[PDB]
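S.K.: Protein chains in written order, with the entry's author numbering: chain B, 3 to 460; chain F, 3 to 460; chain D, 3 to 460; chain A, 3 to 460.
We put the beta carbon where it would ideally sit given N, CA and C, even for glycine.
4 protein chains.
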Amino acid sequence: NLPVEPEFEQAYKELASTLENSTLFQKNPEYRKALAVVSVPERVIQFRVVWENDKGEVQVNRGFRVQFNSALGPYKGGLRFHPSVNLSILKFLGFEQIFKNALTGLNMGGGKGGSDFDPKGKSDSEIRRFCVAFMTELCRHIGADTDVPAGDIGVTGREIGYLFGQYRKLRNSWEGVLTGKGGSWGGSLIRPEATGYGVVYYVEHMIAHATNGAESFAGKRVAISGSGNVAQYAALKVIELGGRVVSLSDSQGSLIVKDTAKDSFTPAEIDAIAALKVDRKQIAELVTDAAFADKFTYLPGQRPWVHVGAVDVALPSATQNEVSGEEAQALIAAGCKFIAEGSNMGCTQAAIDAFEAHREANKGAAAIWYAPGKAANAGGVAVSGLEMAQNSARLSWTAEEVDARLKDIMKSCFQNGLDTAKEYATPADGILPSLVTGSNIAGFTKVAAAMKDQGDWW
Amino acid sequence: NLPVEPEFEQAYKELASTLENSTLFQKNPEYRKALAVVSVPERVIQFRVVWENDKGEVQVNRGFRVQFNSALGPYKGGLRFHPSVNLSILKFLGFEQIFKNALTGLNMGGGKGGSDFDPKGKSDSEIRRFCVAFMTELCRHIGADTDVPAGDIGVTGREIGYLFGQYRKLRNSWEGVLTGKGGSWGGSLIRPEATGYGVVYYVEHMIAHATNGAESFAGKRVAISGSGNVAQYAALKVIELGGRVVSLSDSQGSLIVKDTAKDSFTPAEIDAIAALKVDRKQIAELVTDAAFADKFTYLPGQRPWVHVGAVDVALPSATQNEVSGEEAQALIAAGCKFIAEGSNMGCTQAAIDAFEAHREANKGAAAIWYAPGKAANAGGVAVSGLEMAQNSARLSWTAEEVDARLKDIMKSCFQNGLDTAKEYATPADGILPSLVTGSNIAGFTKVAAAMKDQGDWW
Amino acid sequence: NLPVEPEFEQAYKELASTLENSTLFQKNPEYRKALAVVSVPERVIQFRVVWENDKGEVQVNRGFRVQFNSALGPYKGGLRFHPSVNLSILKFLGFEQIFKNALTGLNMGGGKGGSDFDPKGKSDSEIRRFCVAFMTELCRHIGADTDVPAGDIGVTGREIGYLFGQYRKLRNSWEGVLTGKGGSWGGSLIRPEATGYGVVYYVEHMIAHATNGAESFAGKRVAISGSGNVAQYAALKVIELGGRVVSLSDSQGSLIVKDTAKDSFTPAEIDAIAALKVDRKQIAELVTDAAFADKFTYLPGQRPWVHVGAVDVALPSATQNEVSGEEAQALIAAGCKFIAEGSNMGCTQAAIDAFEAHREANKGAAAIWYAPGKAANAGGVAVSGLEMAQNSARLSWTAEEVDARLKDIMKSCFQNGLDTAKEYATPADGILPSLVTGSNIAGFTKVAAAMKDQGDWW
Amino acid sequence: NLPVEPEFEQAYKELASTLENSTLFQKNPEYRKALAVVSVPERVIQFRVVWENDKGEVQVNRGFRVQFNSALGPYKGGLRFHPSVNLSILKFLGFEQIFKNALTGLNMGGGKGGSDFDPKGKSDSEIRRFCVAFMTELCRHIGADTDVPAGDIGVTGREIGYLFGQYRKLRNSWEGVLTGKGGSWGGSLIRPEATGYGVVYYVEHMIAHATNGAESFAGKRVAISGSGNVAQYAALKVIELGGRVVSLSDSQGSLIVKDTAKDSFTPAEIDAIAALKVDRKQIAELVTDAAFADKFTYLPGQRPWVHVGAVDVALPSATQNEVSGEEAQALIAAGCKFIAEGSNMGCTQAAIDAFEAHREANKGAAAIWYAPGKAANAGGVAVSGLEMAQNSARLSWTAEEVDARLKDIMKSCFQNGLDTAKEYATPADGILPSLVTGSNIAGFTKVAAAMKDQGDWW
């Protein structure tokens, strides 16, 4: 009699299969029972949001707040304002967030909110009104110790501001209940960077471990795919470390640098890309300009790096599922051996399959290492937890302090994943341990242990 | 993107069709908007209940609480513990309960709770454990002014006691938050009898109005099918008033008196019926007596509606379906002009269609007046509200006071339905107003008006 | 390791012995377990009260609040301000109050508060200061639905007023949380009368059962013990009902009429004695007054029970231990057949032993029926619950309304005692079914049943 | 009328005598009043815990929570689950904890909880059930700002986990309300090493002050007695600092390495001892091993101090009153001067008298300094407060950070005690200040000043 939830069912099935395939279950059979408890959210709330549009007409929407798990800390998850949001999607997102937060190693729980609201083609007044209604119906289920919503698709700084103001009006307490506040009224630094620096740090750690030091980032075709803020800050970080960016194209076409093996993107070039990519303008408008025509070869329509023959590092941030077979076997031939999905679900299954096959059949530089989006990005969540810590301490840190804490967070996450992969998913000497299996098992084991310790199952 | 909810969708479609097929939308077009706002529940809470069975093994179940509407008063749902409950079923039940409570006249909202827990084949320890866990996860959402759950399928006096105890232990407040409490610790009188007495009073009002007092509920071939306690109280009340019970069936054979034209039941027979049906004994055990067998023509594996023969006023206290289309036309042939429908879904949809067609084709005196289950069975909810009134007043009333208030409530229900049918359903001269349409329009109009007054839709 | 609590241990031992001796444990063995759970209070709070005396010196006292049982309702109890209160005494009083309230029939639980504060020889400022401190430390635990303190020894109307004011100042809610409030600001009527009226109704029901519709108060030598408000209003009521008052005794000798056989007290005499009690003149000064000494025979340094002459109704209203074993023998020799203590919580055990021996001696109709203090003085607690009901209903009743409810409560108490005595402690000969054992078993059975229903023990 | 409390009365009498003996009262006579107000706890709660064992069988236990003082900070104290726990013992422990926390220097107050529960011979299910019941009855009084329970005798990590889980389930806020949480879910570091490291730092500071840095722990003979986590980590710390471990004991015969003046216990030996104590076995049960027959000299029954040989410092952590007067003289003759009670409540009073007499008898070079247990036990409470600080700051520190804070805390505590001893006890030239008297006066003065500032007495 359970309702069908396609995305959540697929995620649960994948997790179960991954756990069963490994040697976790034979050593700890009781952990089977743990699975049956983590699947059920601790609490799901659906409410009705009634607001008024610009023409004085009543509009009714549904808001959700899934609080999936709180064994390791307070619930923390973004709010998604998209027309497609339902209980299945939010359940799936919360379930993934549990293990992501577990991998980050801070004290945050798993959860996810949002609504069916469509912010596109809405005036600022309409967004303000909806936010006020939503927070009125939601404020009784959140708190600095209970729920920390953040931003996501559809919830920018504007919505965060509106929600925070209404919460302040209702609860009459200026506290750090939401994440993503402006810098003036209790925000955080390095927040826009977040995942962009984090993925780069994670890749650097993996390279240092795999090659036992030597080259970390210098003189490598890092190829920061995508044209979002994530890609921009990843490119900036790899440039600072000494790497070259050769493929910085968005989902639309292929705005590849002039020389895929020699030329590197400049900070000015990245800033220009951001300036003409923030709005509806795309890389077509960029190549129309002479500055990005001769300097950047245009190969629209068939993904950024498919035509690129010289790539060394992979950051699938351009499109979802942008790494199919052809490019998967091209990467090892082209010299691209180390991968990390900067975004979520940014590569196909074939990339992971090729990664596993080549890493099992080879070792060292030959073994292509790929990092999973559960533990790769890890930047938004970490900086959100640091912002929560800043709020709790009533003191605002500096950029470098936050950067250092992000460094240590990603080091801890990488270490956790690697050790868990090594101990359970035995590689039998050589054979770079599976980051996917390690990262999926580490979070589950940590959550299950915490829940057993707290009497959530026995 | 909205999930499929069969029962709820069917109920909403029926309500919309009934609203459109009347002269209410023409007079108040804005009420269209109201419909949309009432469709979305005010709040839905799903939680996880983790308990321990008799063998010390962890069991995880899902608990629900739907607070649909509270325009007219606090939510006053029931709790259903059955291994079929999901969000769709509870939404459907809550949606019906809104308009039922609106028809009653006391200030109660619409709501419904429960869980997938299966009380069947469970020890008392297991029921205690589950109740304690459920109330631990639920206490933060209910309250004497917020939510007042009651009993339903699966929830009896045992479960009510356990839940009340745990609520008292948590909230440290002895208040009226559940209805169905024992008589010693803040219960109510006439609580069992409620449904049967209420439906009897309602049909007595119907007959008195229709025949202008010429015909009363006494001295009639009152069927009273079904062998539930509801039928017991109905039979007792009709016997006291001077009526005659002729056909008390169950989901098995029918205990029909041989002289159904004249002879009828006795209070002792009703007590024997109650004793048998409490202990799962079929009423064939009652016909086992030689005198009983001679004085009661049993129809094994059959309800009277199949072979009804001769009854004057059918009162189906039974459950889903039962009375069929062929059975409906047999009833109209037999002269069942004043049917009761003591319990909801006592007759099929085709039965209702046949009743309406024959009522409109006839000329009032021979019109088959069908009482809708929303308005017919209001004794339970009314007595629940009276128990809440007793709790609030800190003073337990006597049986006669509760009986008088029940009479007032059923009279108010009948009056509301008749007046709303006269205004909108617009019955012609020498015809009986549609009680189903009247009772639907009454509830909807009352709820919509209250919501417009309280600024829920403009 | 359990601390010694003389009074509580004695009370528990008595209750256990009475339970075992009666034929209840044979039919319900599981009730033994109940005895283990009811013994432990649900919650004891001790706090420190620091106040300032008239000379500006810091004074430190200890306040207590014992909440024994809340199975049957909120924790209604009393506050005792006496320089003897400790945890043992309050525990004993609360334990008795549980079963007293259970016999009463309203929904109140068992509890008791107070402090070591000595109100004697303290200015009004000192009482105000201490009350304010006490309520400041106590308001966190009381509530209209949680705890209802009332007055007792040491806590008069003045203290109640001070405590109520401070509670209102702290909690910012004008609610009924204390009982004994003044008439202007939400008090109650018949409250000064209360127990003095109540016991009278009790004994009349006793008469209505003993003689089976025969000689009432009119022609009964009712023996008032002191001009305390209890016996004051008892004497007034019996004088109205035709009963003759044939004694009165404060802390000194006995105030008996000259012709105690025929002549009795009058309302004018009663209020004169009341006025002398207000000025602490007592009966001695009335004997110094010429007219009373001419109309009343004085017996200095002697209780009436020593020189009852001929009596048939007796009541030790003064305090405990008024009637001794020899005094009880004198009473029965005088023909006292309806001793019923509307006060005197416990009495000399010899008196109760003699009463029980004579009731089991099979004296027929002319047998001395002794009513226990627990059931006889239920009038005060009943009126306290009625004041709570008035507060909850936001309406002040009239005197005759409260009188009618008091009569119903006393009838319910008597009926409960008789039925429970007949059920378990069944008398072989119907003479005087042991009101003490009946009331004990009634209270215990009711509380244990409610606790089993609420899952407090299994 | 006040109940007898042997342990608490003895502690209060000792404190009063110590206060009177010094010259603090002569300078501040008003402080006498303070002594009364601190004696009365601010709040005591006793509740009833009803739980079911592995075979149903409802069991009733008594839970306590004493909040003595909160002048200096939130209440903070352990929970003791022992069959001997009553109100007197918990009162005594809380009273001591007040001044211990005052000497520590952080903002914590005095308190103590627990129950008569006997965890010995109980399954994990039984512990889980009791913890859940206890926290259900207790969560109404604790909070991140009100009460912070921790572990003690009977409450290990398991109980802490169970209590934390139930607290989260009741109040849906993941906060720091208990101390001793696991490392994954908001724990701390240096928690097991709290006591041993702290006592080592304290004794190092005292040695540096006494000898003006003439001798440090490098090349120093240390008698680490009392096998346990405290002793193990103290030995490890002194070994790191260069100290030589010479003796060791437990509940059985002393270990004593071969050379009580030259040989030192290796970390491997300490790990072996830890393994022995974990498995409930002893040194006498491992003499047959090679590691003990060649590197150890098992001493049956006789205390380690009787065969110290050459030593100058000691820590009697084995049993109460471990060092005798004759043994004290033997230690002084052997050169023992700088003893400190690591985790012991109190040695033989004759030993303390001998130490105090020798403090004035000769110079500190010959005066044997003894540190009080309350001053040297600050490690546990300090680390508990650091865990509270970590929870509040929403960040987990590193081991070295906690170590640095512990060093600062012990420096502060030692300085406070030394200055208070110097100014009040005013020892002459060449006399070592009384550490016990100094610590007592320091705690009392700090608490009394804070209470006077906050208006708790005047």
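Going by the CB atoms, is the gap between residue 381 of chain F and residue 196 of chain F shorter than 7 Å?
M.R.: Their beta carbons are under 7 Å apart, which means residue 196 of chain F touches residue 381 of chain F by this criterion.
S.K.: Against chain G, does residue 187 of chain A count as a neighbour if the rule is that its beta carbon must be under 7 Å from one of theirs?
M.R.: Among the chains of the structure shown, chain G does not appear; the protein chains present are B, F, D and A.
S.K.: Check the Cβ of residue 462 of chain A against every Cβ in chain D and list those closer than 7 Å, keeping chain order.
M.R.: Residue 462 of chain A is absent from the structure shown; chain A starts at 3 and stops at 460.
S.K.: Between the C-alpha atoms of residue 395 of chain A and residue 392 of chain B, what's the straight-line distance to the nearest angstrom?
M.R.: Distance between the alpha carbons of residue 395 of chain A and residue 392 of chain B: 8 Å.
S.K.: What span of residues does the beta strand (DSSP E) with residue 152 of chain B cover, start to end?
M.R.: It spans 149–152 - the beta strand (DSSP E) in which residue 152 of chain B sits, taken as one unbroken run.
S.K.: I'd like to know if residue 5 of chain F contacts chain B, where contact means its C-beta is closer than 7 Å to some C-beta of that chain.
M.R.: Yes, residue 5 of chain F counts as interfacial toward chain B.
S.K.: From the DSSP output, which residues share a beta bridge with residue 71 of chain F?
M.R.: Answer is F:112.
S.K.: Could you check whether residue 121 of chain B and residue 156 of chain B sit closer than 7 Å to each other, using their CB atoms as the reference points?
M.R.: Cβ distance < 7 Å, so residue 156 of chain B and residue 121 of chain B count as in contact.
S.K.: Where are the beta strand (DSSP E) runs, 3 residues long or more, that stay fully inside the region 328–405 of chain D, in chain order?
M.R.: With a minimum length of 3 residues, no continuous beta strand (DSSP E) run stays inside the region 328–405 of chain D.
S.K.: Would residue 171 of chain B be called buried (16 or more neighbouring beta carbons within 10 Å of its own) or exposed?
M.R.: Classification of residue 171 of chain B: exposed, given that the 10 Å Cβ count is below 16.
S.K.: Count Cβ pairs between the region 313–324 of chain D and the region 219–231 of chain D that sit closer than 8 Å; are there 3 or more?
M.R.: Segments in contact, yes.
S.K.: By the 10 Å Cβ neighbour count, where 16 or more other Cβ atoms means buried, how is residue 22 of chain F classified, buried or exposed?
M.R.: Exposed, since its Cβ has fewer than 16 Cβ neighbours within 10 Å.
S.K.: Using Cβ-Cβ distances below 9 Å, what residues of the region 132–148 of chain F are close to chain D?
M.R.: Going along the region 132–148 of chain F in chain order, one finds 133, 134, 146 with a Cβ nearer than 9 Å to chain D.
S.K.: Using a C-beta cutoff of 7 Å, does residue 366 of chain F count as contacting chain A?
M.R.: No, no contact with chain A.
S.K.: Can you find a C-beta in chain B that's less than 7 Å from the C-beta of residue 193 of chain A?
M.R.: Taking Cβ atoms only, chain B never reaches closer than 7 Å to residue 193 of chain A, which makes this a no.
S.K.: Using a Cβ distance threshold of 8 Å, determine whether the region 363–371 of chain A contacts the region 162–182 of chain A, with at least three qualifying pairs required.
M.R.: No, the region 363–371 of chain A is not in contact with the region 162–182 of chain A.
S.K.: Which residues of chain F have a Cβ atom closer than 9 Å to the Cβ of residue 86 of chain B, listed in chain order?
M.R.: Simply 3.
S.K.: I'd like to know whether the C-beta atoms of residue 86 of chain D and residue 3 of chain A end up nearer to each other than 7 Å.
M.R.: The answer is yes: Cβ separation under 7 Å.
S.K.: Compare the Cα-Cα distances from residue 268 of chain D to each of D:416, D:351, D:238 and report the closest residue.
M.R.: Nearest option by C-alpha distance: D:238.
S.K.: Identify whether residue 117 of chain F lies in helix, strand or coil by the three-state DSSP scheme.
M.R.: It is a strand residue.
S.K.: Chain D beta carbons: is any one of them nearer than 7 Å to that of residue 459 of chain A?
M.R.: Yes, residue 459 of chain A counts as interfacial toward chain D.
S.K.: Return the chain-ordered list of same chain residues with a C-beta closer than 7 Å to the C-beta of residue 128 of chain D, the five sequence neighbours on each side being excluded.
M.R.: Excluding positions up to five away in sequence, the list reads 55, 56.
S.K.: Would you call the region 400–416 of chain D and the region 337–346 of chain D touching, i.e. three or more CB-CB distances under 8 Å?
M.R.: Segments in contact, no.
S.K.: Around the Cβ of residue 19 of chain A, are there at least 16 other Cβ atoms within 10 angstroms (buried) or fewer (exposed)?
M.R.: Exposed, because fewer than 16 other Cβ atoms sit within 10 Å of the Cβ of residue 19 of chain A.
S.K.: Nearest to residue 242 of chain D by CA position, among D:292, D:229, D:272, is which residue?
M.R.: Selected option, being the one with the closest Cα: D:272.
S.K.: Kindly indicate which three-state DSSP category residue 187 of chain B falls into: helix, strand or coil?
M.R.: Coil, per DSSP.
S.K.: With DSSP collapsed to three states, give me the class of residue 77 of chain B.
M.R.: Three-state DSSP puts residue 77 of chain B in a strand.
S.K.: Taking a contact to mean a Cβ-Cβ separation below 7 Å, would you say residue 104 of chain F touches residue 449 of chain F in this structure?
M.R.: Closer than 7 Å, so yes.
S.K.: Express the C-alpha separation of residue 244 of chain F and residue 207 of chain F in angstroms, rounding to a whole number.
M.R.: Taking the straight line joining both Cα atoms gives about 15 Å.
S.K.: If we ignore side chains and look at the alpha-carbon of each, how far apart do residue 10 of chain D and residue 130 of chain D end up?
M.R.: Roughly 32 Å separates the two Cα atoms.
S.K.: Using 7 Å as the limit for Cβ to Cβ distance, is residue 352 of chain D near chain A?
M.R.: False, the Cβ-Cβ gap to chain A never drops below 7 Å.
S.K.: Find the nearest neighbour of residue 305 of chain D within the set D:226, D:383, D:354, D:361, judged by alpha-carbon distance.
M.R.: Of D:226, D:383, D:354, D:361, the residue nearest in Cα terms is D:226.
S.K.: Please report the Cβ distance between residue 443 of chain D and residue 26 of chain D, rounded to the nearest whole angstrom; I am assuming they are in contact, meaning their Cβ atoms lie under 8 Å.
M.R.: Sure, about 6 Å apart at Cβ, within 8 Å.
S.K.: Going straight from the alpha carbon of residue 280 of chain D to that of residue 231 of chain D, what length do you get?
M.R.: Approximately 11 Å between the Cα atoms of the pair.
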